[PDB]
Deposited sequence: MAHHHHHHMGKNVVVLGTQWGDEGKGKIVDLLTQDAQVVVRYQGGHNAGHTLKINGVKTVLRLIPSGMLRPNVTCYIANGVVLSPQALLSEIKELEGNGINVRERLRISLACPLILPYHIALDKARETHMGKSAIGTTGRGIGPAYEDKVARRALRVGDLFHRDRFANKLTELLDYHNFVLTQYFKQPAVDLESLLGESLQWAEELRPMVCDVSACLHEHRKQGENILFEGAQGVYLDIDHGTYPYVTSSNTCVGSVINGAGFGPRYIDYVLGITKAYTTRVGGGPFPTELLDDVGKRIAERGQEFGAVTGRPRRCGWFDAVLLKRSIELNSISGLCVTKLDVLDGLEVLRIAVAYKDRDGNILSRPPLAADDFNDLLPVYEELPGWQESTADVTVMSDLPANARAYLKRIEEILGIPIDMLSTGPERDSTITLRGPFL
C-alpha cells in the first residue's frame, strides 16, 4: 500500500515549495493538482509551468489536473505544446478531469472590469452558481455553443451595462474554441476514479497545493501526511498586517540574501521574523504532519534571531492565533523570543550534524513551539541541497 501526501506552503507564499515538490516527485508515481489555476508559475530545467505538474519531467509519473482546478484551455495547450517541443510525451501521462470549469475570455474581462471598479475568481463564481462551462462540455459542441451564448447574454450585460466596459464577442470565442475538444480528448477522464485505482494499486500519490477532498474527490482519511513548506523567516507581497515585519538593515539583508523580489515587478517583498503564531493556525487548519523549513542559509551571519510566539492586541490581551478580523491587527504587536544566530555557512549543507549548533537550536525551538517535527530542511536553491530527516512517503 502506498502513501498519499499533501504539500502546501504555510505562510503568505514564496516559501520555496517548487524544488521540494520536484524532489518529492522522485518518490511519487502520481502527482495531482487539485486547486487553483495558472496564477503562479514554477521554473525548472530545460521553461515555466503553471498548470502542468513538474512530475511530468519524470518518465514514470502520471500527472492529474483534478476537478477543483479551473483552467484556461489555451493556457494549458500552450504549456503542453511547449513541453512537446522539448520532447516530452505529455499527452500520454497528463490527465484532465471532465469536470474542470473553464476559464474563458469573459471571466478575465469581469476580473478587469472589477479591478477598475486572471479570471480564476469569476470562473469559480460560475461554478458555485451551477452555470460554469466545463471541460466535458467541449465534447457536446451543440450544448457548449448553447450554454456559451446564454452565459454571454448575462456576462456581457454586466460588463457593458454595469461596468461600462467592452463586451466579449461570442463568435470569436466559438472560433477559438473549435479545436479544444480534439486537442484535449486523449487526456480527459474521471480523475477521481483514476486516483482511487492508483490508491488500490498501492502507488504513492502527491497532492500539490497551489481542498483535496472536494478538489480531487479523495476522502480525508486517505491523506497520510501533510507537509508544510515553511520559510525560516516570513515574507509578504501585499499590503496589510505584518506583525513581524522588519523595516531595518536586518530586513534588507534578508531580502537581498533571499532574493525576495517580485518575479515580474522586481519590487522587493516585505520581510520579517519567523512568526509561529501564523504557523500554529496553518498547522491547525491543514493538520500539518511535519514541516519542511526552507532558506535557512539566508539567515547565516545574523547576530540574533527572533521568533514571534504570541501577539499582544491593543488592550494587551495575549493572542496565540492571528485574529480573524483585520481590524484587530491595529495596534497589535508581536511577542518575541530571542535566539543567537550563527556565523558559519549553512549553504548546501546536507547532513544535520554539519550544521552549526545555534542553527540546530533555532530549528529545535521552532519544533518545540509548534509541536510538530521538522522532517525536511532546504539549505540552498539546488534541488539536492535538502536534508530529509523523515520522508513524507514513509
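- No alpha-carbon coordinates exist for the deposited sequence positions 1 to 8, 55 to 58, 130 to 139, 233 to 255, given here in order along the chain.
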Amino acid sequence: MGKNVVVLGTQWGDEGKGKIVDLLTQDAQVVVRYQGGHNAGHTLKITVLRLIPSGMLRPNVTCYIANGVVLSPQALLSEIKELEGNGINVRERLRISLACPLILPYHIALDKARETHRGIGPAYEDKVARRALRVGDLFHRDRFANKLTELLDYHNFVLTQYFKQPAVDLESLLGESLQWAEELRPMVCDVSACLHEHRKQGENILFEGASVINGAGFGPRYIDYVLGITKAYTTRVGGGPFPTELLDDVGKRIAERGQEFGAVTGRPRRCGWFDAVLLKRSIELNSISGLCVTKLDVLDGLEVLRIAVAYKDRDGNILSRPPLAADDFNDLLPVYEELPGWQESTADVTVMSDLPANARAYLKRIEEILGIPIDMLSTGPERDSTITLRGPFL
From here on, numbers count along this sequence of modelled residues.
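- Higher average CA B factor: 323 to 331, of the stretches 357 to 365 and 323 to 331.
- Checked against the record, the higher mean CA B factor of 379 to 387 and 18 to 26 lies with 379 to 387.
- The maximum CA B-factor among the listed residues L44, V32, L339, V349, taken from the PDB record, is found at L44.
- Between the residues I254, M187, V264, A132, the entry's highest C-alpha temperature factor is the one at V264.
- Per-chain ranking of the deposited C-alpha B factor places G136 in the lowest third.
- When the CA B factors of the chain's modelled residues are split into thirds, the value for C63 lands in the lowest one.
- When the modelled residues of the chain are ordered by C-alpha B-factor, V69 sits in the lowest third.
- Sort the chain's modelled residues by C-alpha temperature factor and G290 lands in the lowest third, per the entry.
- Sorting the modelled residues of the chain by their CA temperature factor places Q179 in the highest third.
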